[PDB]
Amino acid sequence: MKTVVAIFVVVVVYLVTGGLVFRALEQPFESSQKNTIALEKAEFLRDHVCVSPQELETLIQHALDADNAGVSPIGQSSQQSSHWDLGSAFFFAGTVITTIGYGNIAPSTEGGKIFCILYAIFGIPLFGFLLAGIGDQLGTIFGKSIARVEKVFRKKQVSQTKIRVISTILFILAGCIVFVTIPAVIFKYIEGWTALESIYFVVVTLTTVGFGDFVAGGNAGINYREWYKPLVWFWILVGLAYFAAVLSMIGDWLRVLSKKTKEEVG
């Protein structure tokens, strides 16, 4: 009753602080970009008298609508390819059960919305057992690798607490290279994103936030290799279980900090 109110106050303060920081970091640039395209549009109207202000704003608005829906407004004909072909439909099904939900592909039909509701109600807990199994498989593999070292070093194990500590340290160090650093390097070369855009995609994907602004394997102008789609699929599958384990440890550290605050305030 009192602990839940204390954490609610901390979360509200964290949200207000975050809102103030994100506004200071984004609003002046957004205001600069809004006036920048506004002046270019106003000059376009005086250079091209045959076009009226509404006529131009209709095409510009529709160009933005097509771009945000996956169809590039640059070039002669884009053909729009297919968002619901068996391959992309399988990947869409994954964005639902994993709770990432990029939103680049989403059901328009009534049948798709009805099926999506039931698909997430039974699929999300089903994926959670696979994620618990993968986390256990990773912990058992890392536990075996630490037990082999403790056998060759001739150290007597009083309890599996020493193995648990060493395996958590090696897990977050090695796992950061395998699921965070190396993938971002691949995304920089394949997608052509910046070093920051690539690392921003990894965190947003593995934390299940999935804004949809950056999606690996979604550029029509890029001919992706045969191994690329299944590699990203396997990276999300295991990388979600890695990030969930790291975020669980961070949650424990915050719970430990709460007991220190309780003791100091008492």
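Start at 1 and count along the sequence shown; that's the residue number.
As the entry records it, the average C-alpha temperature factor is higher for 76 to 84, out of 191 to 199 and 76 to 84.
In this entry, 131 to 139 has the higher mean Cα B-factor, the comparison being between 131 to 139 and 94 to 102.
Residue-level temperature factors show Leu231 in the highest third of its chain, judged at the C-alpha atom. Ranked within its chain, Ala220 lands in the highest third, by CA B factor from the PDB record.
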